[PDB]
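The data below hold one chain only, encoded as structure tokens and taken in the form deposited in one PDB entry.
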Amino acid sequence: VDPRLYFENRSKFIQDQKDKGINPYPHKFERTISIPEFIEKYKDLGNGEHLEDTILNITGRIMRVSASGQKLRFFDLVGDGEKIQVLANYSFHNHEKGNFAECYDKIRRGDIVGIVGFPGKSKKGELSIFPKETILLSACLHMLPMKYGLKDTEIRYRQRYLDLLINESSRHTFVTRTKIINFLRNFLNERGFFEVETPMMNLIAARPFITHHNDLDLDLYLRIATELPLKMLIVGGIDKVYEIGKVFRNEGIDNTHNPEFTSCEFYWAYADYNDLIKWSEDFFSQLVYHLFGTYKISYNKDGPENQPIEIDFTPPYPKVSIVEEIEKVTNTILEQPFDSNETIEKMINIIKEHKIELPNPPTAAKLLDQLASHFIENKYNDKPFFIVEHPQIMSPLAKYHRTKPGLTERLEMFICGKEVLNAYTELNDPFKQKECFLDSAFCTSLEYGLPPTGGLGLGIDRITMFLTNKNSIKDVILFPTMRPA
């Protein structure tokens, strides 16, 4: 091919057109209808039917060019993810506005054009615009990749625009993401929740990103969660409150982790465990039904080259008590307290015998996390499920379980072995909140009285992955965090 030459020559064309008094980047073309609107309005035409008296102005990007016949030229025109044909017939051209062949020979794949013409269908039944006049609105100076010729993630994740133009499923993925967020926002708002914005950077502060604030001469931390200020709003009497926005984790990158991701966190005064579980079941089932018209979906867990599985979002979903289950499968009691030297040693021994990676550092909470990932988190690939009743030492903001000492009223929901949701009743007794005696501001706010409250957070990117059949978070974030090329 030689793309460099293609580009040099198209740049010369631009200059050339300008020499003839043609602006290949003109100011304004007044369109009368969009491509989706045109398809909706004309899709019932009969084969070969022309509405020669209906004159429309339309725009779009040319994505295919062909001819045979100097006097009959055909293009694909795309707009808003939809497509029509352009049938340029010598006889329908306005010859006073220019030479036909000259007008149409200069069009290349990628060009954005403005068409004045009439609607009809080809004898084959393809919905088409029949131009009297076609003008360039903006040129494509590069050779675009061919359809099915853009697989390189280095280009798709950086030059996302090329991915959107060439890979049809890419636009669908990002459409689905926005419909998920719209669904959630509406779901919450119909339940009386009040959306807010809290600060993206905090004084005191998951390993954080740090940034210097010039006006205050302070080094501040990007938020890792929106939890603290939301709870302060509950204290303030906003009894159902939430935020949907970005949080930042200066950690690793992989198929389920990006350094900024979008969370939805809500707090719900006077709610319990049971309300959070029901919320979760209601929300997931109703979202999937909204998107798909069924509770069951297909997901390629092990990639596009292997057979998919079915994930069923029909509620209710299984609940697995983390400690009881670890103890059962390992036939070992993890005696409380879980951070005793003896119980730590026991967890390390189990980890050592199953050749599970020892975490670093090997703290009781991280040991319990590793045990759960090994023995439980992959238990159910065919339905979402909750891991519940986590130890206090894993869950310092969660209220004590009312009948299982040492545990909490916490739930964490997993889809195919990946965490997408964490929720719990908030520990609201300041004399039991060990992290006070945590941002000193939080501690203080508890002393003014936090009602009994339930809190919940969702990972919007991971949810989108499952509902768009993607195996990497990079495929559901328009511009994922990447080093320069």
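Here the rigid core means the biggest group of C-alpha atoms that line up within 1.5 Å when the two forms are laid on top of each other. One-based numbering along the sequence shown.
The following text describes the form deposited in another entry, which does not appear among the structures shown.
**Q** Which one moved? Candidates are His354, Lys296, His142, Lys106, criterion is a Cα shift of 2 Å or more between this form and the one not shown after superposing on the core.
**A** Per the superposition, the moving residue is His354.
**Q** Return yes or no for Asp254: a CA shift of at least 2 Å between this form and the one not shown, with the rigid core superposed?
**A** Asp254 C-alpha, core-superposed: shift of 2 Å or more.
**Q** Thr330: after superposing the rigid core, is there a C-alpha shift of 2 Å or more between this form and the one not shown?
**A** Yes; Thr330 is a residue whose C-alpha shifts (by 2 Å or more) between this form and the one not shown when the cores are overlaid.
**Q** C-alpha of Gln159: shift of 2 angstroms or more between this form and the one not shown, rigid core aligned?
**A** No, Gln159 moves less than 2 Å.
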